[PDB]
file final33.txt (compact mmCIF, C-alpha atoms and all ligand atoms)
# COMPACT_ATOMS: atom_id res chain seq x y z
CA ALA A 1 -6.96 8.57 -11.82
CA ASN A 2 -4.64 6.26 -9.84
CA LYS A 3 -2.29 4.17 -11.99
CA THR A 4 0.31 1.49 -11.19
CA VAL A 5 3.74 3.09 -10.78
CA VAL A 6 6.38 1.38 -12.94
CA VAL A 7 9.54 0.84 -10.92
CA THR A 8 12.79 0.21 -12.73
CA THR A 9 15.49 -1.55 -10.74
CA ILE A 10 18.36 -3.98 -11.31
CA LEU A 11 19.24 -7.54 -10.31
CA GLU A 12 22.05 -6.74 -7.92
CA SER A 13 22.32 -8.71 -4.69
CA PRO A 14 21.35 -8.01 -2.02
CA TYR A 15 19.29 -5.05 -3.29
CA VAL A 16 17.16 -7.12 -5.69
CA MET A 17 17.36 -10.93 -5.93
CA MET A 18 15.28 -13.81 -7.30
CA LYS A 19 13.35 -15.62 -4.55
CA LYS A 20 14.08 -19.35 -4.17
CA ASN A 21 10.81 -20.52 -5.72
CA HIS A 22 10.64 -17.67 -8.21
CA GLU A 23 9.49 -19.92 -11.06
CA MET A 24 6.20 -20.40 -9.18
CA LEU A 25 5.66 -16.74 -8.31
CA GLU A 26 4.60 -13.75 -10.41
CA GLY A 27 4.73 -9.98 -10.28
CA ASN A 28 6.67 -8.42 -7.40
CA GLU A 29 6.53 -11.72 -5.51
CA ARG A 30 9.40 -13.04 -7.63
CA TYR A 31 11.83 -10.67 -5.96
CA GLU A 32 13.36 -10.03 -2.54
CA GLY A 33 16.07 -7.75 -1.23
CA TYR A 34 16.85 -4.39 0.32
CA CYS A 35 15.37 -2.35 -2.54
CA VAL A 36 12.33 -4.65 -2.70
CA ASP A 37 11.67 -3.87 0.97
CA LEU A 38 12.49 -0.19 0.41
CA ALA A 39 10.12 -0.01 -2.57
CA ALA A 40 7.32 -1.38 -0.41
CA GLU A 41 8.03 1.14 2.35
CA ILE A 42 8.08 4.07 -0.06
CA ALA A 43 4.88 2.97 -1.80
CA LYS A 44 2.98 2.52 1.45
CA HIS A 45 4.13 5.95 2.63
CA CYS A 46 3.37 7.71 -0.66
CA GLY A 47 0.09 5.85 -1.05
CA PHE A 48 0.68 4.31 -4.46
CA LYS A 49 0.73 0.90 -6.10
CA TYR A 50 3.70 -0.29 -8.14
CA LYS A 51 5.13 -2.86 -10.52
CA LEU A 52 8.80 -3.84 -10.25
CA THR A 53 10.57 -4.45 -13.58
CA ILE A 54 14.24 -5.30 -14.12
CA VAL A 55 16.03 -2.80 -16.41
CA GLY A 56 16.21 -4.22 -19.94
CA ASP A 57 19.90 -3.76 -20.74
CA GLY A 58 20.90 -4.58 -17.15
CA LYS A 59 22.85 -1.33 -16.76
CA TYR A 60 22.92 1.46 -14.20
CA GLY A 61 23.09 4.26 -16.74
CA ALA A 62 25.47 6.35 -18.82
CA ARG A 63 25.18 8.75 -21.77
CA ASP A 64 26.50 6.94 -24.85
CA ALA A 65 29.43 8.73 -26.45
CA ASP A 66 28.54 9.79 -29.96
CA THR A 67 24.83 8.91 -29.98
CA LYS A 68 24.46 10.77 -26.68
CA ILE A 69 21.67 8.37 -25.74
CA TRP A 70 21.22 7.36 -22.10
CA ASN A 71 21.06 3.63 -21.36
CA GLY A 72 20.32 1.70 -18.15
CA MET A 73 17.83 2.69 -15.47
CA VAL A 74 18.52 6.35 -16.17
CA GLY A 75 17.49 5.81 -19.78
CA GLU A 76 14.25 4.19 -18.62
CA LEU A 77 13.34 7.38 -16.75
CA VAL A 78 14.60 9.77 -19.44
CA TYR A 79 12.73 8.15 -22.33
CA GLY A 80 9.59 7.49 -20.28
CA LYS A 81 9.64 3.70 -19.80
CA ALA A 82 9.50 3.84 -15.99
CA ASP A 83 8.01 6.25 -13.45
CA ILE A 84 10.65 5.75 -10.78
CA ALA A 85 13.94 3.96 -10.13
CA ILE A 86 14.51 2.25 -6.77
CA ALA A 87 17.98 0.67 -6.76
CA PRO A 88 21.62 1.30 -5.77
CA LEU A 89 21.84 4.12 -8.33
CA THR A 90 24.46 6.77 -7.52
CA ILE A 91 23.59 10.48 -7.37
CA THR A 92 25.85 12.30 -9.84
CA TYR A 93 26.14 15.65 -11.60
CA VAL A 94 25.59 14.35 -15.16
CA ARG A 95 22.63 12.26 -14.00
CA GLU A 96 21.13 15.07 -11.90
CA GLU A 97 21.07 17.12 -15.11
CA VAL A 98 18.59 14.73 -16.75
CA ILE A 99 16.68 13.18 -13.83
CA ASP A 100 15.67 13.94 -10.23
CA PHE A 101 17.05 12.33 -7.06
CA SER A 102 15.71 12.26 -3.52
CA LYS A 103 18.17 12.72 -0.68
CA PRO A 104 20.40 9.62 -0.08
CA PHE A 105 18.98 6.47 1.52
CA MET A 106 22.48 5.00 1.77
CA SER A 107 25.97 6.53 1.90
CA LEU A 108 29.05 5.05 0.23
CA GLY A 109 32.15 5.47 -1.88
CA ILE A 110 34.32 3.72 -4.44
CA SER A 111 36.61 1.10 -2.91
CA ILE A 112 39.15 -1.59 -3.69
CA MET A 113 38.34 -5.30 -3.72
CA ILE A 114 41.21 -7.81 -3.57
CA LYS A 115 41.58 -11.56 -3.20
CA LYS A 116 42.94 -12.15 0.29
CA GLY A 117 46.73 -11.95 0.42
CA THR A 118 47.07 -9.65 -2.60
CA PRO A 119 49.97 -7.18 -2.06
CA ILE A 120 47.86 -4.01 -2.33
CA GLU A 121 46.40 -1.69 0.29
CA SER A 122 45.62 1.53 -1.60
CA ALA A 123 44.82 3.16 -4.95
CA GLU A 124 48.34 4.58 -5.03
CA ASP A 125 49.73 1.03 -4.74
CA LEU A 126 47.60 0.00 -7.73
CA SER A 127 48.79 3.00 -9.74
CA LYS A 128 52.47 2.28 -9.10
CA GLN A 129 52.53 -1.31 -10.36
CA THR A 130 51.61 -3.28 -13.46
CA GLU A 131 51.59 -6.90 -12.29
CA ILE A 132 48.07 -6.63 -10.87
CA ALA A 133 45.38 -5.44 -13.29
CA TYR A 134 42.27 -3.55 -12.14
CA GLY A 135 39.08 -2.25 -13.71
CA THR A 136 35.53 -1.12 -13.06
CA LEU A 137 31.90 -1.66 -13.92
CA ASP A 138 30.76 -0.35 -17.31
CA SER A 139 28.09 2.31 -17.88
CA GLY A 140 28.07 3.85 -14.42
CA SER A 141 29.37 6.40 -11.93
CA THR A 142 32.50 4.43 -11.02
CA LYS A 143 33.97 4.35 -14.52
CA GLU A 144 32.98 8.00 -15.04
CA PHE A 145 34.76 8.80 -11.78
CA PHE A 146 38.15 7.75 -13.12
CA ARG A 147 37.53 9.16 -16.59
CA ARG A 148 36.79 12.63 -15.20
CA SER A 149 39.18 12.78 -12.25
CA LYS A 150 41.97 15.38 -12.35
CA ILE A 151 43.57 13.82 -9.25
CA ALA A 152 47.03 12.45 -10.09
CA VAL A 153 46.71 8.89 -8.80
CA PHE A 154 43.21 8.45 -10.22
CA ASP A 155 44.13 10.02 -13.58
CA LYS A 156 47.04 7.59 -13.88
CA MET A 157 44.74 4.65 -13.06
CA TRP A 158 42.29 5.81 -15.74
CA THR A 159 45.03 6.24 -18.36
CA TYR A 160 46.05 2.61 -17.76
CA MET A 161 42.55 1.13 -17.50
CA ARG A 162 41.02 2.72 -20.59
CA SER A 163 43.58 1.03 -22.84
CA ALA A 164 44.35 -2.21 -20.97
CA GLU A 165 44.30 -5.51 -22.86
CA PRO A 166 42.35 -7.56 -22.49
CA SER A 167 39.64 -5.19 -21.23
CA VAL A 168 39.55 -4.72 -17.47
CA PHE A 169 35.96 -3.50 -17.48
CA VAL A 170 33.03 -5.75 -16.58
CA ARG A 171 29.33 -5.63 -17.50
CA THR A 172 28.00 -6.63 -14.08
CA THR A 173 29.29 -6.58 -10.53
CA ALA A 174 29.22 -10.38 -10.35
CA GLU A 175 31.56 -10.50 -13.35
CA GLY A 176 34.06 -8.35 -11.46
CA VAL A 177 33.83 -10.46 -8.30
CA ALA A 178 34.38 -13.67 -10.27
CA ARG A 179 37.37 -12.10 -12.00
CA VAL A 180 38.95 -11.24 -8.62
CA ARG A 181 38.24 -14.66 -7.14
CA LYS A 182 39.65 -16.57 -10.10
CA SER A 183 42.72 -14.44 -10.85
CA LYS A 184 45.00 -15.68 -8.06
CA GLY A 185 45.49 -12.07 -7.02
CA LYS A 186 46.29 -10.76 -10.51
CA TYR A 187 43.15 -8.62 -10.65
CA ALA A 188 41.74 -6.03 -8.24
CA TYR A 189 38.20 -4.70 -8.60
CA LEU A 190 37.01 -1.14 -8.07
CA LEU A 191 33.44 -1.03 -6.79
CA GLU A 192 31.39 0.85 -4.20
CA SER A 193 31.96 0.02 -0.51
CA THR A 194 28.38 -1.24 -0.03
CA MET A 195 28.89 -3.97 -2.61
CA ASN A 196 32.49 -4.59 -1.44
CA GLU A 197 31.52 -5.17 2.19
CA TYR A 198 28.56 -7.29 1.14
CA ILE A 199 30.77 -9.66 -0.85
CA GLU A 200 33.21 -9.67 2.08
CA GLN A 201 30.53 -11.46 4.13
CA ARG A 202 29.73 -14.13 1.50
CA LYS A 203 31.22 -17.58 0.99
CA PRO A 204 33.85 -18.51 0.08
CA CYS A 205 34.99 -15.46 2.10
CA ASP A 206 38.07 -15.05 -0.11
CA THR A 207 37.76 -11.35 -0.93
CA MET A 208 38.47 -8.28 1.15
CA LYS A 209 38.12 -4.49 1.10
CA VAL A 210 41.44 -2.63 1.37
CA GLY A 211 42.12 1.01 2.16
CA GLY A 212 39.64 3.82 2.59
CA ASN A 213 36.99 4.90 0.11
CA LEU A 214 38.15 7.12 -2.76
CA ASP A 215 35.08 9.37 -2.47
CA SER A 216 31.86 10.02 -0.57
CA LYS A 217 28.41 9.97 -2.14
CA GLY A 218 25.06 8.25 -2.02
CA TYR A 219 22.22 6.41 -3.69
CA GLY A 220 18.97 8.27 -4.30
CA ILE A 221 15.50 7.22 -5.44
CA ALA A 222 15.26 8.74 -8.93
CA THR A 223 12.33 10.07 -10.95
CA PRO A 224 11.80 11.67 -14.37
CA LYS A 225 12.77 15.36 -14.16
CA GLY A 226 9.85 17.36 -12.80
CA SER A 227 7.89 14.28 -11.72
CA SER A 228 5.06 14.87 -9.25
CA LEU A 229 6.33 11.93 -7.16
CA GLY A 230 9.62 13.58 -6.26
CA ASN A 231 8.51 15.55 -3.21
CA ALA A 232 6.67 12.74 -1.44
CA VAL A 233 9.41 10.21 -2.22
CA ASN A 234 12.05 12.52 -0.74
CA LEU A 235 10.07 13.03 2.47
CA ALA A 236 9.48 9.28 2.69
CA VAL A 237 13.19 8.54 2.48
CA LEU A 238 13.93 11.13 5.16
CA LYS A 239 11.24 9.70 7.44
CA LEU A 240 12.24 6.07 6.90
CA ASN A 241 15.80 7.07 7.80
CA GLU A 242 14.93 9.06 10.91
CA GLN A 243 12.78 6.16 12.16
CA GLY A 244 15.79 3.85 11.87
CA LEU A 245 14.17 1.70 9.16
CA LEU A 246 17.07 2.08 6.72
CA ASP A 247 19.70 1.05 9.29
CA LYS A 248 17.43 -1.90 10.05
CA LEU A 249 17.19 -2.96 6.39
CA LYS A 250 20.94 -2.85 5.87
CA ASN A 251 21.59 -5.11 8.87
CA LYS A 252 18.89 -7.43 7.57
CA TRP A 253 20.51 -7.97 4.19
CA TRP A 254 24.19 -7.49 5.02
CA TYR A 255 25.10 -8.66 8.49
CA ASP A 256 22.14 -10.51 10.00
CA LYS A 257 22.60 -13.16 7.31
CA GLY A 258 26.39 -12.84 7.13
CA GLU A 259 28.15 -16.03 6.00
CA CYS A 260 31.72 -15.38 7.16
CA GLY A 261 31.27 -15.06 10.93
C1 LIG A 301 26.22 -0.96 -7.17
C2 LIG A 301 27.52 -0.48 -7.72
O1 LIG A 301 28.65 -0.93 -7.04
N1 LIG A 301 29.84 -0.43 -7.69
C3 LIG A 301 29.30 0.25 -8.67
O2 LIG A 301 29.98 0.85 -9.64
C4 LIG A 301 27.88 0.29 -8.77
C5 LIG A 301 27.05 1.11 -9.73
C6 LIG A 301 26.76 2.55 -9.26
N2 LIG A 301 25.87 2.53 -8.04
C7 LIG A 301 26.12 3.39 -10.41
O3 LIG A 301 25.08 4.02 -10.15
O4 LIG A 301 26.72 3.41 -11.51

call {"tool": "encode", "arguments": {"input": "final33.txt", "output": "structure tokens"}}
result
Amino acid sequence: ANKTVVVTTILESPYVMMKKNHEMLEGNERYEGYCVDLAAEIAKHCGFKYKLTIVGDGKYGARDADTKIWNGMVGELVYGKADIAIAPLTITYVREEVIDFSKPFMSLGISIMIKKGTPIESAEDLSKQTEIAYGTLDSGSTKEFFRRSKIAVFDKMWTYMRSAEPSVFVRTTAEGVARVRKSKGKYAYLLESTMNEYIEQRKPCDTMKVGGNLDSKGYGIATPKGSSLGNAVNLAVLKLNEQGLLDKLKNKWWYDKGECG
């Protein structure tokens, strides 16, 4: 019998945000954003009803060292708390081993965020100096990228980050943005290009993306391994993309409402 599909996502603008009069609303009505629109498109196409719920620990998802327990949205799927994850969750090897991913609905890569004027234009620049600190988001693909990389420049950046004091790692993207904006150029943030270019179009328009991306990957709609939803969700993403819906949604939340020109 038909049952409401539990969707796990995360409060990360502009993917999922609280609507202005959210205190008055209930259920899915409380939220708005790219993934809120995407979730509606996928549901309509796959013919199911859903319930959006913000991940409890507010994390994307990593396997805890020692306990070996997955947290974040990935954990929700692994331990059976949610039927599907619709958010800017990166497709990775270690995640693909425990959960399923549809083909990408958005392409991206790790990038460098700086406060305008900062004397840095590449990862190599960051790795060769010590005056400007830099870090990443915790519990996700970005931190794991530097921890696993065998590439010289990235390995050197990891070696420095992992033992920096005070910590250069943040719990949420907003925490990293605020750290860049209030550090007078003494902090650079490593985050995915999607998020970097989004913040580049927001007041006070004081941040900027420098250099090219360090890698190339994508976000995928995830489901518990072997879930019956997988096939239809994948086809839905491919169709939505071919119809131009996805390009339309990104303009809607990124550029249409741009605040810096
Ligand atoms: C969004 C976002 O932007 N930079 C990042 O590290 C992230 C999280 C990343 N998508 C993950 O799955 O861990």

call {"tool": "closest_residue", "arguments": {"input": "final33.txt", "among": "A:219, A:70, A:154, A:31", "to": "residue 52 in chain A", "atoms": "all atoms listed in the file"}}
result
A:31

call {"tool": "closest_atom_pairs", "arguments": {"input": "final33.txt", "of": "chain A", "to": "ligand LIG 301 (chain A)", "cutoff": "6 Å", "atoms": "all atoms listed in the file", "output": "tab-separated table"}}
result
residue	atom	partner	partner_atom	distance
A:60	CA	A:LIG301	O4	5.0
A:88	CA	A:LIG301	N2	5.0
A:89	CA	A:LIG301	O3	3.7
A:90	CA	A:LIG301	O3	3.9
A:137	CA	A:LIG301	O2	5.3
A:140	CA	A:LIG301	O4	3.2
A:141	CA	A:LIG301	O4	4.0
A:142	CA	A:LIG301	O2	4.6
A:191	CA	A:LIG301	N1	3.8
A:192	CA	A:LIG301	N1	4.0
A:195	CA	A:LIG301	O1	5.4

call {"tool": "atom_distance", "arguments": {"input": "final33.txt", "atom1": "CA of residue 61 in chain A", "atom2": "CA of residue 43 in chain A"}}
result
23.6 Å

call {"tool": "atom_distance", "arguments": {"input": "final33.txt", "atom1": "CA of residue 36 in chain A", "atom2": "CA of residue 15 in chain A"}}
result
7.0 Å

call {"tool": "closest_residue", "arguments": {"input": "final33.txt", "among": "A:12, A:29, A:247, A:144", "to": "residue 110 in chain A", "atoms": "only C-alpha atoms"}}
result
A:144

call {"tool": "closest_residue", "arguments": {"input": "final33.txt", "among": "A:201, A:228, A:207, A:107", "to": "residue 259 in chain A", "atoms": "all atoms listed in the file"}}
result
A:201

call {"tool": "atom_distance", "arguments": {"input": "final33.txt", "atom1": "CA of residue 194 in chain A", "atom2": "CA of residue 28 in chain A"}}
result
24.0 Å

call {"tool": "residues_around", "arguments": {"input": "final33.txt", "residues": "residue 229 in chain A", "least_positions_apart": "3", "cutoff": "10 Å", "atoms": "only C-alpha atoms", "output": "list in words"}}
result
residues 5, 46, 48, 83, 84, 222, 223, 224, 226, 232, 233 and 234 of chain A

call {"tool": "write_last_selection", "arguments": {"input": "final33.txt", "atoms": "C-alpha atoms", "output": "short mmCIF file (atom, residue, chain, number, x, y, z; two decimals), keeping the file's coordinate frame"}}
result
data_model
loop_
_atom_site.label_atom_id
_atom_site.label_comp_id
_atom_site.auth_asym_id
_atom_site.auth_seq_id
_atom_site.Cartn_x
_atom_site.Cartn_y
_atom_site.Cartn_z
CA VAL A 5 3.74 3.09 -10.78
CA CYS A 46 3.37 7.71 -0.66
CA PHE A 48 0.68 4.31 -4.46
CA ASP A 83 8.01 6.25 -13.45
CA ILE A 84 10.65 5.75 -10.78
CA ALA A 222 15.26 8.74 -8.93
CA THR A 223 12.33 10.07 -10.95
CA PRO A 224 11.80 11.67 -14.37
CA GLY A 226 9.85 17.36 -12.80
CA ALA A 232 6.67 12.74 -1.44
CA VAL A 233 9.41 10.21 -2.22
CA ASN A 234 12.05 12.52 -0.74
#

call {"tool": "closest_residue", "arguments": {"input": "final33.txt", "among": "A:91, A:134, A:149, A:172", "to": "residue 10 in chain A", "atoms": "all atoms listed in the file"}}
result
A:172

call {"tool": "closest_residue", "arguments": {"input": "final33.txt", "among": "A:225, A:182, A:257, A:248", "to": "residue 102 in chain A", "atoms": "all atoms listed in the file"}}
result
A:225

call {"tool": "build_atoms", "arguments": {"input": "final33.txt", "residues": "range 171-196 of chain A", "atoms": "N, CA and C atoms", "output": "short mmCIF file (atom, residue, chain, number, x, y, z; two decimals), in the frame of the given file"}}
result
data_model
loop_
_atom_site.label_atom_id
_atom_site.label_comp_id
_atom_site.auth_asym_id
_atom_site.auth_seq_id
_atom_site.Cartn_x
_atom_site.Cartn_y
_atom_site.Cartn_z
N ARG A 171 30.70 -6.04 -17.23
CA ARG A 171 29.33 -5.63 -17.50
C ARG A 171 28.43 -5.65 -16.26
N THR A 172 28.76 -6.52 -15.31
CA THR A 172 28.00 -6.63 -14.08
C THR A 172 28.94 -6.79 -12.91
N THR A 173 28.46 -6.46 -11.72
CA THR A 173 29.29 -6.58 -10.53
C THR A 173 29.77 -8.01 -10.32
N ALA A 174 28.88 -8.97 -10.54
CA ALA A 174 29.22 -10.38 -10.35
C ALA A 174 30.40 -10.79 -11.23
N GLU A 175 30.48 -10.20 -12.42
CA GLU A 175 31.56 -10.50 -13.35
C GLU A 175 32.89 -10.00 -12.78
N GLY A 176 32.85 -8.88 -12.06
CA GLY A 176 34.06 -8.35 -11.46
C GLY A 176 34.50 -9.19 -10.26
N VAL A 177 33.54 -9.65 -9.48
CA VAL A 177 33.83 -10.46 -8.30
C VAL A 177 34.48 -11.76 -8.76
N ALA A 178 33.86 -12.41 -9.74
CA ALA A 178 34.38 -13.67 -10.27
C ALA A 178 35.79 -13.48 -10.82
N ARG A 179 36.04 -12.34 -11.45
CA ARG A 179 37.37 -12.10 -12.00
C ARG A 179 38.41 -11.97 -10.88
N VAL A 180 38.03 -11.38 -9.75
CA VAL A 180 38.95 -11.24 -8.62
C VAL A 180 39.21 -12.59 -7.97
N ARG A 181 38.14 -13.36 -7.78
CA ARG A 181 38.24 -14.66 -7.14
C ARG A 181 39.01 -15.71 -7.94
N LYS A 182 38.98 -15.59 -9.27
CA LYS A 182 39.65 -16.57 -10.10
C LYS A 182 40.96 -16.08 -10.73
N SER A 183 41.48 -14.95 -10.27
CA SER A 183 42.72 -14.44 -10.85
C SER A 183 43.98 -14.61 -9.99
N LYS A 184 43.87 -15.41 -8.94
CA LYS A 184 45.00 -15.68 -8.06
C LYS A 184 45.71 -14.41 -7.58
N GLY A 185 44.94 -13.33 -7.47
CA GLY A 185 45.49 -12.07 -7.02
C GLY A 185 46.01 -11.17 -8.12
N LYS A 186 45.82 -11.56 -9.38
CA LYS A 186 46.29 -10.76 -10.51
C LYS A 186 45.26 -9.76 -11.04
N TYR A 187 44.19 -9.57 -10.28
CA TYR A 187 43.15 -8.62 -10.65
C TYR A 187 42.52 -8.04 -9.39
N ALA A 188 42.36 -6.72 -9.37
CA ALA A 188 41.74 -6.03 -8.24
C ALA A 188 40.51 -5.35 -8.83
N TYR A 189 39.42 -5.31 -8.08
CA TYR A 189 38.20 -4.70 -8.60
C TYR A 189 37.80 -3.43 -7.86
N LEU A 190 37.43 -2.41 -8.63
CA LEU A 190 37.01 -1.14 -8.07
C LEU A 190 35.50 -1.10 -8.12
N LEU A 191 34.89 -1.06 -6.93
CA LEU A 191 33.44 -1.03 -6.79
C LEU A 191 33.07 -0.29 -5.49
N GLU A 192 31.82 0.14 -5.39
CA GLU A 192 31.39 0.85 -4.20
C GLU A 192 31.44 -0.01 -2.92
N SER A 193 31.82 0.64 -1.83
CA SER A 193 31.96 0.02 -0.51
C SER A 193 30.79 -0.86 -0.06
N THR A 194 29.57 -0.46 -0.39
CA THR A 194 28.38 -1.24 -0.03
C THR A 194 28.50 -2.65 -0.60
N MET A 195 28.76 -2.71 -1.90
CA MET A 195 28.89 -3.97 -2.61
C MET A 195 30.13 -4.73 -2.14
N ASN A 196 31.22 -4.00 -1.89
CA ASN A 196 32.49 -4.59 -1.44
C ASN A 196 32.32 -5.27 -0.09
#
